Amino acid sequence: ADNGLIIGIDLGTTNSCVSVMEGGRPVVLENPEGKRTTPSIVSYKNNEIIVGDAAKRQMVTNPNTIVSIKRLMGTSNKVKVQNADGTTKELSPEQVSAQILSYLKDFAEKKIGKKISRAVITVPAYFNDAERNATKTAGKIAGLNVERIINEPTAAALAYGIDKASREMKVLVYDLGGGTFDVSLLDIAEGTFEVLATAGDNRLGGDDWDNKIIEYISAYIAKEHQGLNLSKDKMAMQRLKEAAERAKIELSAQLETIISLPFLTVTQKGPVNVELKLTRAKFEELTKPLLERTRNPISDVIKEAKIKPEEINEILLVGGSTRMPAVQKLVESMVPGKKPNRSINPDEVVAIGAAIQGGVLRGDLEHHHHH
């Protein structure tokens, strides 16, 4: 009743993910579109509210589609959407976040076959009391008793079982998501976590790598066409965003990718088309400034914690963007001798950790199997 399942939720800037403990193993639950992560995006059409993939498909084209709401959590800023009758609805960050949490809860209940009323939700380590409390409030609005707020790098460490280490460990977490870059140095001793230092940039993420591909496509276009004003064509812009992210993702697995955009826009001489082969080497050249900006935050946490690099016992790669080969190579170069951990899907690892934390809070060793 009050002692039922405690689901784990990663409420991310770009994507969200829900996991639950099942027979002593964390399981990641698929949304109704069959996907293990859900875009953190919400569309409003009066009281019809759409969350996730369907909303992402209109993020450029629909003025009542809300993105990056996490950035406002803990402030008294509002976002505005327009009702059918022309009046304006003001929404708090808590209210919009709550729609994402409600979507996850609803599909999780149908998968599990039970009502759910308890959760652990993750936040960035730098969140203050107001930012944490905003996240608790979003949970409450969605019908979830938020049993604990835990830090994202700590959740990742729980997923890997590092709290069960026999010796004291220093752990470097390099977390490159869609919008933000977080480096954390954790001390794990006696099954408890201490954040020794944090660094990074909350305006650097995978979106920036996409945007460099968009900038490149715009250059290719400019070799044949001037005076397009491409930004005013919202369909063109939505297609460019989708094509860039797709191309980037393919280049994590392959050495080349083809960007194909027939009838992208029109000029007085007919259609503008794109057919462009992008190699991994060219992609890496274009995005080198972005990659290099991730380097100094690693040495920042080493400096602040007053450790030598050899004192780092384990490295965790978190965030979808760490699937990029050049990102993995950079991290290896900064902690010589150590093989980074990426065996747990880096887009799911935070939610998995939250689900483990939920199991522990609920109790019952048959249920969490924490040894």
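All residue numbers refer to positions in the sequence shown, first residue = 1.
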Q.
Please compare 28 to 36 with 52 to 60 and say which has the higher mean C-alpha temperature factor in the record.
A. 28 to 36
Q: Would you mind comparing 218 to 226 and 294 to 302 for me and telling me which has the higher average C-alpha temperature factor in the entry?
A: 218 to 226
Q: Would you mind checking which of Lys241, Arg148, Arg167, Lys269 has the top Cα temperature factor in the PDB entry?
A: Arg167
Q: Can you pull the Cα B-factors for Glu152, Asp106, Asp207, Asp182 from the entry and say which is highest?
A: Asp106
Q: Give the position of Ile9 by CA B-factor within its chain, expressed as the lowest, middle or highest third.
A: lowest
**Q.** Within-chain third of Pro340 by Cα B-factor, per the entry
**A.** middle
Q: Sorting the chain's modelled residues by C-alpha B-factor, tell me whether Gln82 ends up in the lowest, middle or highest third.
A: middle
Q) Thinking about Cα B factors across the chain, which third does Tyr174 belong to? A) lowest
Q: Using the B-factors in the PDB entry, rank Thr192's C-alpha atom against the chain and give the third, lowest, middle or highest.
A: highest
